[PDB]
Structure formats: C-alpha cells, structure tokens
Amino acid sequence: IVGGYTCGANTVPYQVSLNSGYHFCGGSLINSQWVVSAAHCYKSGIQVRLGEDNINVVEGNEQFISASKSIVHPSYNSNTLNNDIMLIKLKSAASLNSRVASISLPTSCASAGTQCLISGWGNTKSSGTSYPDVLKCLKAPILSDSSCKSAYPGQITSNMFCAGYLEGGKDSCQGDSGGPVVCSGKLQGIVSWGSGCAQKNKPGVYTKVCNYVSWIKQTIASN
Ligand SMILES: *C(=O)c1ccc(NC(=N)N)cc1
Ligand SMILES: [Ca+2]
C-alpha cells in the first residue's frame, strides 16, 4: 500500500496472506474453506495465513492452513490479465471468530464514486522498496470507466475497473496483489495490476468481482 495507514490488528478479518516462505500475495476469506485471490498469484506450495497483523511475528490469532487446491479461472489470460481471478480451497476449514471472518460477495456491481477499502502487506514506496510488517489500509473511490480507459487505452476489459487517485501518491502496489477491494461490506475487486505504483494518471486496476459471482458459486459448489 502506498500512502495508506496502519489498519489496526485484526480489523480487516477477511484479509489473508498467501505464503511460500515469505508473503507473496493477499486474498480474501469468503467462507470457512475458500479464499479468493488473483490468478497471477498462482503457484504451488501455498500456505494460507489467516488472522495476521504482523506477518513477521507470531502474536496469536493466526491460523496457518495449507491450500488443498487452487483453481485459476479457465480463460485467465496472462498477457492481458483479463479474468485475473483464482479460488483456493483450504485443506481444513478455518475457525471463524471475531479475528477471522469471511467477506460477502456482491449482489450487484459498484458504481463510480463508491469508496472502498484496499488492504495488503505490499510495498509502501512508489520509488523504491519497502515492505511493511503490519497490515496497511487505503480508502479509495472506484473511478468512471471513461477515466479508467483514458488512462489505459486499449487495456481495460469489461472485467476490470480502476480505483484510486489520479493525482498519485496513494495506490496498491507489489505484494498487495490478490487482496481485496471491499465496498459497503462486499468484495467488489481484487488487487490486479497498474502501471508503477502511485504514479499520477495511472490508477490501479482491479478484477471486477461482480461479473464472477455465478462462476464462483458454481465452482465452489462442485469442488
Ligand atoms: C499487485 O501486486 C499489483 C497491483 C497493482 C499495481 N500497480 C498499481 N496499483 N498502480 C502493482 C502491483
Ligand atoms: Ca503474525
């Protein structure tokens, strides 16, 4: 997160850390056994870490559950990042509590101007490298499709939306990818890509979650 604030331990209970010997992407707990993340976070050997604040210290409240399968969306395209969505099945169910909870899927897409919360343990530096220990947060509005497109001509599909600030100085960045964009309580976006981090006129681009509700439900119901 570039330009965000420390969230406060356990205040974003659906936030997960994808780990393979170090934190590499986030995700969101959408139920006791399934996490949604980005298809580009895919790798084998993933341990899902729930209930984390400081990712370098065991402080209590943590649940380390391995991934039992990851399902990249079948039309995910790595050159464009269209369909940049993946579902992870946990090997056992998580203990949901006040520090580990799931986030609702949307029933409709969010409109421009909606304010959302992006969270992640990604880089905090726009020009440079600085990973945080604790979770960072950033409030950011969904931008109009007009503006999203005029910033990334020819690269925005109908499965993406831009959110953030055109001025620069506030955006998601490397290591935030996979994590959530929550709006009025629902999961509307997945941290997917952008040009640089926090650069003016180059907002963050997000997987459009509402277009995937039926796929998720169907996929989960048969796995
Ligand atoms: C994911 O790690 C990721 C997503 C988005 C960006 N760029 C911007 N938000 N500008 C970087 C890395
Ligand atoms: Ca920890």
Side-chain angles (χ1 to χ4, degrees), residues 1-4 6-13 15-28 36-43 47-65 76 78 80-82 84-86 99-100 116-143 147-148 151-152 155-156 160-181 189-209:
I1 307 293
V2 179
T6 286
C7 302
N10 306 311
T11 50
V12 186
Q15 168 93 221
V16 330
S17 181
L18 294 190
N19 184 107
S20 65
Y22 57 102
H23 164 85
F24 68 89
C25 275
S28 294
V36 59
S37 183
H40 85 266
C41 288
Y42 178 84
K43 71 216 216 156
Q47 174 182 270
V48 189
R49 302 185 161 202
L50 314 178
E52 294 269 24
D53 193 29
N54 189 146
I55 55 165
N56 292 110
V57 173
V58 176
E59 308 190 278
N61 305 301
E62 298 101 336
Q63 297 173 44
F64 295 179
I65 295 172
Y76 162 58
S78 28
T80 61
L81 295 182
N82 197 38
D84 184 42
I85 184 168
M86 160 166 91
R99 330 284 282 285
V100 175
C116 302
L117 183 78
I118 310 192
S119 40
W121 283 274
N123 205 352
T124 53
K125 276 19 185 196
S126 214
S127 186
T129 294
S130 190
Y131 289 105
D133 273 343
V134 293
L135 190 64
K136 305 289 181 167
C137 282
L138 173 81
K139 307 227 76 231
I142 296 164
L143 296 191
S147 295
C148 185
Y152 291 98
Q155 333 134 60
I156 306 303
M160 308 171 182
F161 66 95
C162 294
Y165 301 83
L166 297 180
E167 312 79 292
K170 284 174 117 239
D171 200 355
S172 58
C173 186
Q174 334 274 338
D176 275 347
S177 286
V181 180
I190 303 188
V191 184
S192 188
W193 66 285
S195 186
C197 308
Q199 301 325 278
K200 66 134 132 189
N201 313 119
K202 299 289 112 153
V205 193
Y206 295 102
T207 301
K208 175 201 225 52
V209 178

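Residue numbers count from 1 along this sequence. One-based numbering, in listed order, for ligands and for the atoms of each. Worth knowing before you read on, the calculation uses all heavy atoms, side chains too, and leaves out hydrogens, waters and symmetry mates.
- For the pair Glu59 and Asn54, the tightest heavy-atom approach, listed with the atom from each and the gap, is OE1-N, 3.0 Å.
- For a distance bound of 3.0 Å, the N, O or S atoms of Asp53 include none lying that close to the Ca ion (ligand 2).
- Of the possible donor and acceptor atoms, one in the side chain of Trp121 sits under 3.5 Å from a partner among the backbone N and O of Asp53.
- Aromatic ring centroids of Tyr152 and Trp193 lie under 6.0 Å apart.
- When distances to the Ca ion (ligand 2) are checked against a cut-off of 3.0 Å, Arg49 contributes no N, O or S atom below that limit.
- Judged by the shortest distance from any of its heavy atoms, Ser172 lies inside the 4.0 Å radius around the atoms of ligand 1.
- Closest to the Ca ion (ligand 2) among the N, O or S atoms of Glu52 is OE1.
- Between the Ca ion (ligand 2) and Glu62 there is an N/O/S contact shorter than 3.0 Å.
- Polar contact with ligand 1: absent for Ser192 (N/O pair, distance under 3.5 Å).
- Atoms of ligand 1 lying under 4.0 Å from at least one heavy atom of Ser177, given by number and element, are 1 (C), 2 (O), 3 (C), 4 (C), 12 (C).
- Side chains of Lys136 and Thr6 form a contact here, defined as non-hydrogen atoms less than 4.5 Å apart.
- In the vicinity of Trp193, heavy-atom distances shorter than 4.0 Å reach the ligand 1 atoms 4 (C), 5 (C), 6 (C), 7 (N).
- Of the possible polar contacts, one joining the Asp84 side chain to the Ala39 backbone as a donor-acceptor pair under 3.5 Å is found.
- When distances to the Ca ion (ligand 2) are checked against a cut-off of 3.0 Å, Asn56 contributes no N, O or S atom below that limit.
- A donor-acceptor pair under 3.5 Å is formed between the side chain of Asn123 and the backbone N or O of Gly128.
- Considering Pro180, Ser172, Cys148 as possible partners of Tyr206, the one that fulfils the side-chain contact (heavy atoms from CB on, under 4.5 Å) test is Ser172.
- Residue contacts with ligand 1: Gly196 is placed with a nitrogen or oxygen under 3.5 Å of a nitrogen or oxygen of the ligand (distance criterion only).
- Atom numbering of ligand 1 starts at 1 in the shown order; those under 4.0 Å from a heavy atom of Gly204 are 9 (N).
- For atom 9 (N) of ligand 1, the closest non-hydrogen atom of the protein is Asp171 OD1, 2.9 Å.
- Ligand 1 places these atoms under 4.0 Å from at least one heavy atom of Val191: 4 (C).
- Heavy-atom contacts from other residues, nucleotides or ligands closer than 6.0 Å to NZ of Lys200 number 12 or fewer.
- Considering backbone and side-chain N/O atoms, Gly194 comes within less than 3.5 Å of an N/O atom of ligand 1.
- In terms of modelled atom types and a separation under 3.5 Å, the side chain of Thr124 and the main chain of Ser130 share a donor-acceptor contact.
- With hydrogens and angles disregarded, no donor-acceptor distance shorter than 3.5 Å links the side chain of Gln63 to the backbone of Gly51.
- Each of the following atoms of ligand 1 lies closer than 4.0 Å to a heavy atom of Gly175: 2 (O).
- Polar contact check, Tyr206 against ligand 1: no nitrogen or oxygen pair lies under 3.5 Å apart.
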